[PDB]
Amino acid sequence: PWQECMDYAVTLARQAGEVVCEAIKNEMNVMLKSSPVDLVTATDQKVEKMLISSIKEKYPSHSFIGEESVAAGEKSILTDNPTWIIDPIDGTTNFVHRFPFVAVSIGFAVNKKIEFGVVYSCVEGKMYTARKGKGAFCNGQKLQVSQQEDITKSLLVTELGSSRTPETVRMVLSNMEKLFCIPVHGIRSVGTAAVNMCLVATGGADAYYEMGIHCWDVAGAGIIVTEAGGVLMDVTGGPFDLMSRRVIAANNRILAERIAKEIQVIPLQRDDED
């Protein structure tokens, strides 16, 4: 199948993780992108170029969407062509702080649909993988989402986002308040969308939601959630859309829809538009 590509992606993710693990122990030269909290290092850029060059060598006809390449001006247009969607370091803020949740994420799409995903949580050495119809795994353990259908007994994960616009922050915190006071059992944040979603795939959390993420944040981990038996959808309640900047990844449609009901949507530029 696409098994050969996927096996290759796993090896590449592991080599990239090694690079990240070595770098996290050394001095940080922190650079800014769009804001004082939108960070990047040479390691983000070096890993992405290593991944893309390696994939290009083995699969010259394939396409790429990568976070830092987009920063370099490349487009985030998803065609039917086999496409590697890469976040070279998901959790750069974690990375520069040595907060031990840092992931390399690779999603592989054919006909605009994800066929496999790989998320390597580098510091804890957890390799999360899933291939469509083949199940989801972490380090040899098959994953299953939780069974919880009662929102008042749920544990959620989310992130506060990269915006510091007071209006936007107020909405993010207001959405959190509404969910919190349903009540739910709690809300957690480990600082990486990919790893948050993998935690839902393991059943250790019941659902994740976030507005403001990008296709590369969720392309790897989405299929890991669904192959664990979970569901993806938009915070609008509509179908999940890789390019829409919005995601609920949950154990089931009952929690997912209950969460969507509470979330006030924020306007966001799609990844596939100017």
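A residue's number is simply how far along the shown sequence it sits, counting from 1.
When the mean C-alpha temperature factors of 235 to 243 and 23 to 31 are read from the deposited coordinates, 23 to 31 comes out higher. Just going by the entry, 61 to 69 versus 244 to 252 on mean CA temperature factor gives the higher value to 61 to 69. If you compare the C-alpha temperature factors of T158, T165, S105, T152 in the entry, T165 comes out highest. By the numbers in the PDB entry, the CA B factor is greatest at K112 among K126, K112, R188, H97. Per the deposited record, the Cα B-factor of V37 falls in the middle third when ranked against the other modelled residues of its chain. In this PDB entry, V172 carries a Cα temperature factor that places it within the middle third of its chain's modelled residues. In this PDB entry, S146 carries a Cα temperature factor that places it within the lowest third of its chain's modelled residues. Sort the modelled residues of the chain by CA B factor and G140 lands in the highest third. Placement of the Cα temperature factor of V119 within the chain: lowest third of the modelled residues, per the deposited record.
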